[PDB]
Amino acid sequence: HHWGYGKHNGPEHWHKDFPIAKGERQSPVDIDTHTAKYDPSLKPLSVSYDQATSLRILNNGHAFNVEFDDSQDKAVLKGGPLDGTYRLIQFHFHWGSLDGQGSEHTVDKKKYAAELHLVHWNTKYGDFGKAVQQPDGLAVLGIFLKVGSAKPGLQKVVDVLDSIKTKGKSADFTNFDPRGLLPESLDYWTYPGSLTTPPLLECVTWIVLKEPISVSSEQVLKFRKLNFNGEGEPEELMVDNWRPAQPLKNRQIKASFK
Ligand SMILES: Oc1ccccc1S
Ligand SMILES: [Zn+2]
């Protein structure tokens, strides 16, 4: 059966195998900009990616992941709402079949064409597997993509997608610099939440950047030619791999800017 994003195994079904789906701190959420609270106690983010070592890009059947060496403090995130050092391990995207949908978080109900998740784990826990069992285990930088002008720093990724078209294909992907994917400002919203895919673990401190990056229609078109299926299986295009917004419940969205 295996979870996915179709009519018979999509988000509305996940709770049957993953009861945390109906949890207290699920993601994504809509960010109501008038109800978010400015917090002057919040620090600026510290992104230190100059020593990043990318290894591989992989189609895992529900997105593509770019993987990094996380055996040392090469690429890390500090500051913001975080205590401690968080190591970059991978990034992926979620995107839509149309330009008007694709992001997971929304801002005053507005949807963007895609959302970038840069995933980091708290080095006090020793490895990624242990971190995801902890309420402060991961920090995920969420960046919105809107369609407009091309993003130079995304094109090396776009170029290699045809070689990982189906589930289980991987390719070498060294010397990729993720700084090419950041917006110019690092102002953010932050709230405690979860993975937006199974197993939906409630271990994430979300950090959602205010400023979107722009990408060209031609760049996102190439995302939409990937396949959910494996080679030799009937073709299903990899589109709309996003989960709808979940109820905020007892949580406060905090803003770093006023
Ligand atoms: O947010 C971390 C790891 C894997 C997937 C998502 C986050 S969707
Ligand atoms: Zn994600």
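Count residues from 1 along the sequence. Note that ligands are numbered from 1 as they come in the structure, with each ligand's atoms numbered from 1 the same way.
Note on ligand 1: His92 sits in its first shell, one or more heavy atoms being nearer than 4.0 Å. Using a 4.0 Å heavy-atom cutoff, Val204 is absent from the residues neighbouring ligand 1.
If you number the atoms of ligand 1 from 1 as listed, the ones under 4.0 Å from a heavy atom of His94 come out as 8 (S). The contact set between ligand 1 and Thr196, taken as ligand atoms under 4.0 Å from a residue heavy atom, comprises 8 (S). If you number the atoms of ligand 1 from 1 as listed, the ones under 4.0 Å from a heavy atom of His117 come out as 8 (S). Near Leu195, meaning under 4.0 Å from any of its heavy atoms, are these atoms of ligand 1: 2 (C), 3 (C), 7 (C).
Residue pairs meeting the side chain to side chain donor-acceptor pair (under 3.5 Å) criterion with at least one partner in residues 128-138, sequence neighbours excluded, are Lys124-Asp136, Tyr125-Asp136.
Listed by chain and residue number, nothing satisfies the side-chain hydrogen bond (donor to acceptor under 3.5 Å, both in side chains) test with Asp162 (two or more places apart in sequence, or in another chain).
Taking the six-membered ring for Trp, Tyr191 and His105 have ring centres closer than 6.0 Å. Aromatic ring centres of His8 and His13 lie farther apart than the 6.0 Å criterion allows.
Side-chain contact check for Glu115 and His94: no donor-acceptor pair (N or O, by modelled atom type) lies under 3.5 Å. When only modelled atom types and interatomic distance are considered, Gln101 and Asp240 share a side-chain donor-acceptor pair under 3.5 Å.
Among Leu118, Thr197, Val140, the residue whose heavy atom sits closest to atom 1 (O) of ligand 1 is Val140.
Excluding waters, the set of protein N, O or S atoms lying under 2.8 Å from the Zn ion (ligand 2) comprises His92 NE2, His94 NE2, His117 ND1.
Relative orientation of the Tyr5 and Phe228 rings is parallel, given thresholds of 30° and 60° on the angle between their planes.
The 12-atom threshold is exceeded at CD of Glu12, counting heavy atoms of other residues, nucleotides or ligands nearer than 6.0 Å.
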Please list every donor-acceptor pair under 3.5 Å in which a side-chain atom of residues 183-190 meets a protein atom from a residue at least two apart or in another chain.
residue: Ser185; atom: OG; partner: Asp187; partner atom: N; Å: 3.2
residue: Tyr188; atom: OH; partner: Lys43; partner atom: O; Å: 2.7
residue: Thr190; atom: OG1; partner: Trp206; partner atom: O; Å: 2.7

